[PDB]
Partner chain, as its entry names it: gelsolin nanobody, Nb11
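Starting off, we have a lone chain in the form solved without the partner chain, written out as structure tokens.
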């Protein structure tokens, strides 16, 4: 047509919360800094790139599991064809700030149960 004014679709994005005391679960949550808590880990899946983030008060078990979830998306869902970027509070890649916007101060979240 003569005039193309409708925005194109952008790549699907997902965010997982990686949380637990010793039984650690990955739960899909809304893609927003409001999902983030400094007590847990988060996996921001941007398709060809996956951002693995752990908070300063995340526990060992969560950090281990975050590695498994990112690798698992890459390997089981992307056929190995994706880049994992590991970051932490305050070291987030620009690509993650582009998606989530400027980073606010983050709360601790709920104790793991």
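Numbering follows the first chain given and starts at 1.
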Would you determine, from the values in the PDB entry, which of 94-102 and 12-20 has the greater average C-alpha temperature factor? 94-102
Using only the Cα atoms and their B-factors as the entry lists them, report which of 51-59 and 64-72 averages higher. 51-59
C-alpha B factor of residue 27, ranked within the chain: lowest, middle or highest third? lowest
Chain-relative CA temperature factor third for residue 87: lowest
Is the Cα B-factor recorded for residue 35 in the lowest, middle or highest third of its chain? lowest
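Missing here is the form deposited with the partner chain bound; even so, the following discussion is about that form.
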Quick one: does residue 101 come within 4.5 Å of the partner chain in the bound PDB entry, counting heavy atoms only? yes
Would you please decide whether residue 105 lies within 4.5 angstroms of the partner chain in the bound PDB entry, comparing each non-hydrogen atom pair? no
Indicate whether the partner chain has at least one heavy atom within 4.5 Å of a heavy atom of residue 89 in the bound PDB entry. no
Answer for residue 85 alone: is it within 4.5 Å of the partner chain in the bound PDB entry, judged on heavy atom distances? yes
Considering only 42-56, what residues come within 4.5 Å of the partner chain in the bound PDB entry, judged by heavy atoms? 46, 49, 51
